[PDB]
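Data first, discussion second: the structure below is written as structure tokens.
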Amino acid sequence: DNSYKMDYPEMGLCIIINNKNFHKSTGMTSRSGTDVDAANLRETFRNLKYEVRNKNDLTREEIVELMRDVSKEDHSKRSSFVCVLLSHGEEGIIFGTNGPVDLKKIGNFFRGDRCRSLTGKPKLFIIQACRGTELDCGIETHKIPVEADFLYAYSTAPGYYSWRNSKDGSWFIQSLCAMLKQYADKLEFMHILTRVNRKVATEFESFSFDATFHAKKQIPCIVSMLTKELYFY
Amino acid sequence: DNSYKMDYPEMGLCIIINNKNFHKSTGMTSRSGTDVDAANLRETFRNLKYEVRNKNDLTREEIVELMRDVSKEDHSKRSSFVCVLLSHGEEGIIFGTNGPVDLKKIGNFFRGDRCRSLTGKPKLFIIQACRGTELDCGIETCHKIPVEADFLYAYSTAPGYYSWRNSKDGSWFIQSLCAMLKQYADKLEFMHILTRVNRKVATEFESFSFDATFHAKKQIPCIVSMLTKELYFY
Amino acid sequence: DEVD
Amino acid sequence: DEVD
Amino acid sequence: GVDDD
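Residue numbers (this note's numbering), protein chains in the order written: chain A, 1 to 233; chain B, 234 to 467; chain C, 468 to 471; chain D, 472 to 475; chain E, 476 to 480.
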């Protein structure tokens with residue numbers, strides 16, 4: 001009763017939405033390095049035995065339709081559900097290629113009363129996206145709730161930019177995949193994500209020719225409404 | 234290494250702000266049961282070897298002044314910091330007896346660059362307060378660190394939702410938090426304790442009301458962690 | 468039971 | 472390094 | 476792959 005049942009026939013789906021190029025209606029810069037993230041995540045979750053589905057450059061309409069359709073699948077034989085969102089964002093918002101959609105709208109499809117074959121199962125949302133435009137300068141050293149069993153693993157603190165490297169991928173996804181590869185057979189998920197927080201916080205610092213964007217830091221933000229411990233083994 | 238250093242001479246302060254009675258002009262109701270929470274928290278954190286300070290019925294001005302002053306103390310010999318807020322609220326806001334205080338304003342006093350004697354140490358904020366007016370109907374079963382790092386915000390309820398309090402037993406979340414800490418603080422890492430609190434609130438509580446709109450409702454607490462290490466109370 |  |  | 480339906 002302390003840990004989620006993870007020995008269903010299937011670990012579950014891993015949906016990866018990878019938005020790199022955006023319409024001129026929004027403008028918004030192409031997200032160089034995000035293909036590196038998407039590939040890293042595909043391989044990482046393949047090795048965790050998830051059924052990975054990669055999707056590229058979805059409009060906000062397409063994102064909502066995809067989430068709706070997936071929430072209407074029969075997940076009875078699956079232990080869990082994972083959704084990874086790679087895009088531009090603002091607080092509470094992820095961008096389709098043609099504009100913003102509320103994260104709440106995406107999550108709502110998987111509510112305990114709306115996706116019954118996932119009721120009582122962990123629903124993990126992993127979000128690499130800005131959550132605002134602040135920069136961190138750093139410092140020298142018989143019923144269950146319908147909102148239960150969600151985890152939102154954010155790349156960055158609320159209100160803040162999130163950092164992506166054009167060559168290596170985003171700081172958060174780099175670190176997440178590295179910690180999952182090293183510890184998924186040894187540590188509970190919250191402890192893995194805590195290692196990810198440390199890695200991002202300690203091993204990364206921005207380098208920029210623009211002083212305004214130089215020497216900046218990042219701390220990811222784990223938001224858990226899980227009711228049990230989650231082990232991938 | 235993977236865990237915060239908790240063997241400083243002192244575990245640290247535990248500040249409890251217990252707002253029960255509100256100014257008439259605010260129209261806010263009295264929070265019957267909150268004194269049970271405040272006493273439970275005091276005893277619980279005493280057993281964890283925290284220096285507990287209880288404050289009752291603070292104005293918005295007094296809350297800000299208290300937090301400013303506490304953040305200006307020398308925490309060099311303390312392992313951590315804990316703040317518990319018991320009040321009315323809405324999303325991002327806790328109420329003083331005479332009006333609102335931004336949670337962000339409170340947290341900012343303890344930023345890694347503004348409270349240097351807590352830099353690198355866990356700063357825990359425990360919040361029993363509404364976060365909106367939604368009801369959950371349930372379903373039948375060389376180096377820098379970020380200035381925002383090493384915070385944990387343990388919210389009683391999901392964003393957007395009311396939080397439930399029982400006038401006799403205290404709030405669902407604080408009841409459950411104290412019980413799980415009493416049972417597991419010598420056995421489990423803090424995130425795993427809070428996960429058990431999530432399960433207890435989610436499974437063992439359901440509202441009873443003569444008002445159908447408010448009857449048979451459920452609650453899930455919301456852990457928000459920017460911690461960089463595991464936290465053990467032993 | 469009451470809401471906060 | 473670029474912001475998202 | 477990538478793009479799976």
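Each residue gets a CB set at the ideal place from its N, CA and C atoms; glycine is no exception.
Check: For a contact meaning CB atoms closer than 7 Å, what does residue 307 of chain A contact in chain D?; Outcome: Nothing about residue 307 of chain A can be reported from this structure: the residues present for chain A run from 1 to 233 only.
Check: What are the partner residues of B/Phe314, as DSSP defines its beta bridges?; Outcome: B/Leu246, B/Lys356
Check: Are the C-beta of A/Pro122 and some C-beta of chain B separated by less than 9 Å?; Outcome: no
Check: Mind checking B/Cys455: buried by the 16 CB within 10 Å criterion, or exposed?; Outcome: buried
Check: Hey, how far is the Cα of A/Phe109 from the Cα of A/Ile93?; Outcome: 16 Å
Check: Verify the CB distance criterion: does A/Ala178 have a CB-CB separation below 9 Å to chain D?; Outcome: no
Check: Shortest alpha-carbon distance to B/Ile453 belongs to which of B/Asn287, B/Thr436, B/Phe441?; Outcome: B/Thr436
Check: For the segment 125 to 145 of chain A, list every residue whose C-beta sits within 7 Å of some C-beta in chain B, in sequence order.; Outcome: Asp136, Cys137, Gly138, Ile139, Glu140, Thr141, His142, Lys143, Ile144, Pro145
Check: Exposed or buried, A/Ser208, counting other C-beta atoms within 10 Å across all chains shown (16 or more means buried)?; Outcome: exposed
Check: Is it buried or exposed, B/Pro355, if we count other Cβ atoms within 10 angstroms and call 16 or more buried?; Outcome: buried
Check: Closest to B/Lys462 by CA distance: which of A/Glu229, A/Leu226, A/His191 is it?; Outcome: A/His191
Check: Rounded C-beta distance between A/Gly96 and A/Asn19? I'm assuming under 8 Å.; Outcome: 7 Å
Check: Do A/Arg31 and A/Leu86 have their beta-carbon atoms positioned less than 9 Å apart in this structure?; Outcome: yes
Check: Hey, out of A/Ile63, A/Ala148, A/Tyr160, A/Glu188, whose CA is closest to A/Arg111's CA?; Outcome: A/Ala148
Check: Determine the extent of the beta strand (DSSP E) in which A/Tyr152 is found, giving its start and end residues.; Outcome: 150 to 154
Check: What is the C-beta distance between B/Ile378 and A/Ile144, in whole angstroms, given that I count them as a contact (C-beta under 8 Å)?; Outcome: Contact flag wrong, Cβ pair sits at about 37 Å.
Check: Give the list of continuous beta strand (DSSP E) stretches no shorter than 3 residues that lie fully inside the segment 248 to 328 of chain B.; Outcome: 284 to 289, 311 to 319
Check: How about B/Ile248: is its Cβ closer than 8 Å to a heavy atom in the ligand ZN?; Outcome: Judged by which ligands are present, the structure shown has none, so any question about the ligand ZN falls away.
Check: Given a cut-off of 9 Å on the beta-carbon distance, is the pair B/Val457 and B/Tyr394 in contact?; Outcome: no
Check: Three or more C-beta pairs under 8 Å: does that hold for the segment 400 to 414 of chain B against the segment 268 to 278 of chain B?; Outcome: yes
Check: What did DSSP end up calling B/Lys451 once you bin it into helix, strand or coil?; Outcome: strand
Check: Could you spell out the range, first to last residue, of the beta strand (DSSP E) harbouring B/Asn431?; Outcome: Here B/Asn431 belongs to no beta strand (DSSP E); instead the alpha helix (DSSP H) covers 423 to 437.
Check: Checking the sheet assignment: what are the DSSP bridge partners for A/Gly169?; Outcome: A/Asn165
Check: Below 6 Å CB to CB, which residues in the same chain sit around A/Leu124 once its five sequence neighbours on both sides are set aside?; Outcome: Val82, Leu151
Check: List the whole-angstrom C-beta distance separating B/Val317 from B/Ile250, where the pair is believed to meet the contact cut-off of C-beta under 8 Å.; Outcome: 7 Å
Check: Is the distance from the Cβ of A/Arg195 to the Cβ of A/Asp37 below 9 Å?; Outcome: no
Check: Do you know how far the Cα of B/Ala391 is from the Cα of A/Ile127?; Outcome: 18 Å
Check: Can you list, in chain order, the residues of its chain with a C-beta nearer than 6 Å to that of B/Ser309? Leave out the 5 residues immediately preceding and following it.; Outcome: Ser350
Check: Please name the residues in the segment 393 to 409 of chain B whose beta-carbon is closer than 8 Å to at least one beta-carbon of chain C, in chain order.; Outcome: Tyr395, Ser396, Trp397, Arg398, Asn399, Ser400, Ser404
Check: Going straight from the alpha carbon of A/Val52 to that of A/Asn98, what length do you get?; Outcome: 25 Å
Check: Counting along the chain, where does the beta strand (DSSP E) carrying A/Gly132 start and finish?; Outcome: Segment: none, A/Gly132 is in no beta strand (DSSP E) and carries neither H nor E.
Check: Assuming B/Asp402 and B/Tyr467 are in contact, meaning their beta carbons sit under 8 Å apart, how far apart are those beta carbons, in whole angstroms?; Outcome: The pair is not a contact, with the Cβ atoms about 28 Å apart (cut-off 8 Å).
Check: Are the C-beta of A/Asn18 and some C-beta of chain F separated by less than 9 Å?; Outcome: Given the protein chain composition of this structure (A, B, C, D and E), no chain F is represented.
Check: Excluding the 5 residues preceding and the 5 following A/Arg114 in the sequence, name in chain order all residues of the same chain whose CB lies nearer than 8 Å to its CB.; Outcome: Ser71, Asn108, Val146
Check: Roughly how far, in whole angstroms, is the beta-carbon of D/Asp475 from the beta-carbon of A/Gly89, given that I think they are within contact range, below 8 Å?; Outcome: 7 Å
Check: Show which residues of chain D have a CB atom less than 7 Å away from the CB atom of A/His23.; Outcome: Those do not exist, as A/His23 stays about 17 Å from chain D at its closest Cβ, beyond 7 Å.
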